[PDB]
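A short write-up of the structure that comes next.
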Amino acid sequence: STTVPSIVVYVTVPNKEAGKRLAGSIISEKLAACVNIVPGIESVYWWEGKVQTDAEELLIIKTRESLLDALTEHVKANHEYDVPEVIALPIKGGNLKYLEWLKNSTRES
Amino acid sequence: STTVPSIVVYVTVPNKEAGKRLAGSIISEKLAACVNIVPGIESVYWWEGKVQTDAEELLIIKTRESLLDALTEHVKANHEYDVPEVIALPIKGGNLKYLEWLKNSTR
Amino acid sequence: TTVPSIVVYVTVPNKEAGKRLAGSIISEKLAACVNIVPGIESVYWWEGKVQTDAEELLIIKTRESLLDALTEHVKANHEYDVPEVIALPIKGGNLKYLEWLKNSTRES
């Protein structure tokens, strides 16, 4: 049909510039239809025996399940951290016409 | 069975008034139990031969799977773009009383 | 290398509740990692009117396994008596991150 299986991928980054550049390569390389950047996140995790807290930005990446591999590759290749967060969540339904656009926007995999 | 299959729906909108109103209109019309508005989000995508970027906000809408078509029709009717982002994600539980109030406060 | 995991959305009513609940969450070994999204605005129906209040959003990355522990932990340290805690199924990613996620949390 019109309309490949899709996902929403969260990826966090340390700063504003990083976020904007990653969104550019993702979209230019045609690995996602669309990227929302949520600025001014604060992140909390346990590392080196204390609780750590860092200023970060969240990228919300609408794309194909197909490309989750090409995407995840791509985030690591382009990312200040060694273990960069990237997790996909499945899109089950939506505005049909947008999901088609999502398909046409995206690399063939 | 005090609990119906539920979704998180994402909708971007182009400005602060817009989403405030979409949200009002959505909730009023009983098409979702609630809407979180995330403001100041930047959206990047490919459009007319290059990398467009727009200032928007994000509506995270918690409603029932049953209501996704009604909610998607509503969003189109009340939204500036022709092909608005509306995408659904399935909930695999959580606070059961939340999930029932979700059921209850929705049609 | 990798137990079934999830993202958990949870709103708190202010800057401070979030900092504190994110701490106490990560402190008691309950999720690998917590993102606070400040200054969101939450709109819902309540007592016959459209309510709007300012809030924050915790995005909580953990294993399905801890969902209930977590929920029950939040209800303990959460000033609302019916917190929004909903969960969406993680289904893919940095195989590495998922391992770190796994390797940062309990079983029960």
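Order determines the names: the first chain of the structure tokens is A, the second B, and so forth; residues in each chain are numbered 1 upward, and ligands are numbered 1 upward as they are shown.
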Counting only C-alpha atoms, what are the residues of chain C within 10 Å of chain A, and for each of them which pair of atoms is the nearest and at what distance in Å, to one decimal? Sort the table by chain and rising number, as a tab-separated table.
residue	atom	partner	partner_atom	distance
C:5	CA	A:87	CA	9.7
C:6	CA	A:89	CA	8.8
C:7	CA	A:89	CA	8.7
C:18	CA	A:42	CA	9.9
C:19	CA	A:44	CA	8.5
C:22	CA	A:44	CA	6.5
C:23	CA	A:51	CA	7.1
C:24	CA	A:51	CA	9.6
C:25	CA	A:45	CA	9.2
C:26	CA	A:45	CA	6.0
C:27	CA	A:51	CA	7.0
C:28	CA	A:46	CA	10.0
C:29	CA	A:46	CA	8.3
C:31	CA	A:45	CA	8.4
C:32	CA	A:45	CA	6.3
C:33	CA	A:45	CA	4.6
C:34	CA	A:44	CA	4.9
C:35	CA	A:43	CA	4.5
C:36	CA	A:42	CA	5.3
C:37	CA	A:41	CA	5.0
C:38	CA	A:41	CA	6.8
C:39	CA	A:40	CA	9.8
C:57	CA	A:41	CA	9.8
C:58	CA	A:43	CA	9.6
C:59	CA	A:43	CA	9.4
C:60	CA	A:44	CA	9.5
C:61	CA	A:87	CA	9.4
C:88	CA	A:89	CA	7.0
C:89	CA	A:89	CA	6.2
C:90	CA	A:89	CA	5.1
C:91	CA	A:88	CA	5.6
C:92	CA	A:88	CA	5.2
C:93	CA	A:87	CA	4.5
C:94	CA	A:86	CA	5.5
C:95	CA	A:86	CA	8.9
C:96	CA	A:83	CA	6.5
C:97	CA	A:85	CA	5.7
C:98	CA	A:87	CA	8.1
C:99	CA	A:83	CA	10.0
C:100	CA	A:83	CA	8.4
C:101	CA	A:85	CA	9.5
C:104	CA	A:46	CA	7.8
C:105	CA	A:46	CA	9.9
Next on the checklist: Residues of chain A within 6 Å of chain B, counting only C-alpha atoms - could you list those as a PyMOL selection string?
Outcome noted: chain A and resi 27+34-38+91-95+98
Could you dump the residues just selected with N, CA and C atoms as a PDB file, in the first residue's frame?
ATOM      1  N   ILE A  27      17.947  14.210   8.031  1.00  0.00           N
ATOM      2  CA  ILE A  27      17.019  14.633   7.009  1.00  0.00           C
ATOM      3  C   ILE A  27      17.622  14.713   5.596  1.00  0.00           C
ATOM      4  N   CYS A  34      11.515  13.646   9.175  1.00  0.00           N
ATOM      5  CA  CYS A  34      11.065  14.690  10.010  1.00  0.00           C
ATOM      6  C   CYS A  34      11.576  14.615  11.430  1.00  0.00           C
ATOM      7  N   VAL A  35      12.098  15.725  11.927  1.00  0.00           N
ATOM      8  CA  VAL A  35      12.755  15.736  13.203  1.00  0.00           C
ATOM      9  C   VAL A  35      12.323  16.915  14.058  1.00  0.00           C
ATOM     10  N   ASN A  36      11.760  16.639  15.237  1.00  0.00           N
ATOM     11  CA  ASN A  36      11.376  17.655  16.223  1.00  0.00           C
ATOM     12  C   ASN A  36      12.458  17.727  17.264  1.00  0.00           C
ATOM     13  N   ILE A  37      12.899  18.916  17.636  1.00  0.00           N
ATOM     14  CA  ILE A  37      13.985  19.101  18.609  1.00  0.00           C
ATOM     15  C   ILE A  37      13.379  19.770  19.813  1.00  0.00           C
ATOM     16  N   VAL A  38      13.567  19.203  20.990  1.00  0.00           N
ATOM     17  CA  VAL A  38      12.956  19.745  22.182  1.00  0.00           C
ATOM     18  C   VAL A  38      14.110  20.274  22.992  1.00  0.00           C
ATOM     19  N   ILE A  91       4.678   3.311  15.504  1.00  0.00           N
ATOM     20  CA  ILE A  91       3.624   4.208  15.201  1.00  0.00           C
ATOM     21  C   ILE A  91       2.555   3.275  14.737  1.00  0.00           C
ATOM     22  N   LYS A  92       1.435   3.260  15.453  1.00  0.00           N
ATOM     23  CA  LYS A  92       0.300   2.406  15.110  1.00  0.00           C
ATOM     24  C   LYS A  92      -0.915   3.219  14.667  1.00  0.00           C
ATOM     25  N   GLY A  93      -0.987   3.611  13.401  1.00  0.00           N
ATOM     26  CA  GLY A  93      -2.062   4.505  12.952  1.00  0.00           C
ATOM     27  C   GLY A  93      -1.673   5.979  12.975  1.00  0.00           C
ATOM     28  N   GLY A  94      -2.541   6.842  12.426  1.00  0.00           N
ATOM     29  CA  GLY A  94      -2.311   8.311  12.345  1.00  0.00           C
ATOM     30  C   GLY A  94      -3.070   8.970  11.198  1.00  0.00           C
ATOM     31  N   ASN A  95      -2.656  10.154  10.767  1.00  0.00           N
ATOM     32  CA  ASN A  95      -3.167  10.817   9.581  1.00  0.00           C
ATOM     33  C   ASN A  95      -2.557  10.207   8.353  1.00  0.00           C
ATOM     34  N   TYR A  98      -0.203  11.940   5.936  1.00  0.00           N
ATOM     35  CA  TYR A  98       1.103  12.255   6.537  1.00  0.00           C
ATOM     36  C   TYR A  98       2.028  11.066   6.538  1.00  0.00           C
TER      37      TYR A  98
END
I'd like the neighbourhood of residue 53 of chain C as a compact mmCIF listing (two decimals) with C-alpha atoms, in the first residue's frame, where a residue qualifies if any of its atoms comes within 8 Å (using only C-alpha atoms), though same-chain residues fewer than 2 positions away should be ignored.
# COMPACT_ATOMS: atom_id res chain seq x y z
CA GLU C 41 1.28 23.03 29.79
CA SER C 42 -1.29 20.33 30.48
CA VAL C 43 -4.86 20.67 29.39
CA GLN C 51 -8.50 22.94 33.17
CA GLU C 55 3.75 21.16 34.76
Item to check | Selection: 7 Å around residue 3 of chain A, only C-alpha atoms, excl. self and same-chain fewer than 3 positions, as a PyMOL selection string | outcome: chain A and resi 99-100+103
Checklist entry - Mind listing as an MDAnalysis selection string which residues of chain B are within 12 Å of chain C, counting only C-alpha atoms? => result chainID B and resid 6:9 16 19:41 57:63 88:102 104:106
